[PDB]
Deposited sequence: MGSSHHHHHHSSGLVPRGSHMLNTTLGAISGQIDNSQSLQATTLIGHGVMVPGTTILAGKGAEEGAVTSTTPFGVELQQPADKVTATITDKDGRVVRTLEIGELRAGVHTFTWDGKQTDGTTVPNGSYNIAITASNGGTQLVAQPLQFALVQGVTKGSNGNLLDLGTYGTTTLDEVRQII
């Protein structure tokens, strides 16, 4: 209970592929995206990430590179392969390495112990790879 409860209000990286893109409501707001990650059981020589929009169109392919085993997180700049910035909305990442567990950002909204992640549903504490 103590360990679950102090996560409320923090972000967690959990299995999933979702990235959210958007702008703040303030003047001058630049598009930002919620972090993504990958868990590797073995170290990786090359790491590639493909990002699709809701229609499933590839808007960017990322070359991540060499990564040691374990948990890693990244933030996409929200720009397409042609330099333009993507509309506000949901995007999905697919990651392959040479098994890869993709990680997505979720906000902890409460507890039930189970973490309530809102839209993402629930997850147990052990499925949390990183707290932010």
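> Enumerate the deposited-sequence segments absent from the coordinates, judged by C-alpha atoms, in order of position.
Coordinates drop out over 1-37, 136-141, 156-160.
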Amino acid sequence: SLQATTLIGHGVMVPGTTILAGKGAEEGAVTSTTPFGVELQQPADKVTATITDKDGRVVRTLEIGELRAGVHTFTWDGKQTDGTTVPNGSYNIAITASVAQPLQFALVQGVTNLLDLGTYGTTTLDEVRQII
From here on, numbers count along this sequence of modelled residues.
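> So which stretch wins on mean C-alpha B-factor, 30-38 or 65-73?
Between 30-38 and 65-73, it is 65-73.
> On average, which has the higher Cα B-factor in the deposited entry, 21-29 or 7-15?
For C-alpha atoms only, the mean B-factor is higher in 21-29.
> Between 98, 50, 104, 88, which carries the biggest CA temperature factor in the record?
Out of 98, 50, 104, 88, the record gives the largest C-alpha B-factor to 98.
> What third of its chain, lowest, middle or highest, does the C-alpha temperature factor of residue 79 fall into?
Middle third by C-alpha B-factor.
> Relative to the other modelled residues of the same chain, rank the CA B-factor of residue 54 and answer lowest, middle or highest third.
Ranked within chain, residue 54 CA B lands in the middle tercile.
> Is the Cα B-factor recorded for residue 125 in the lowest, middle or highest third of its chain?
Middle third, going by the recorded CA B-factors of the chain.
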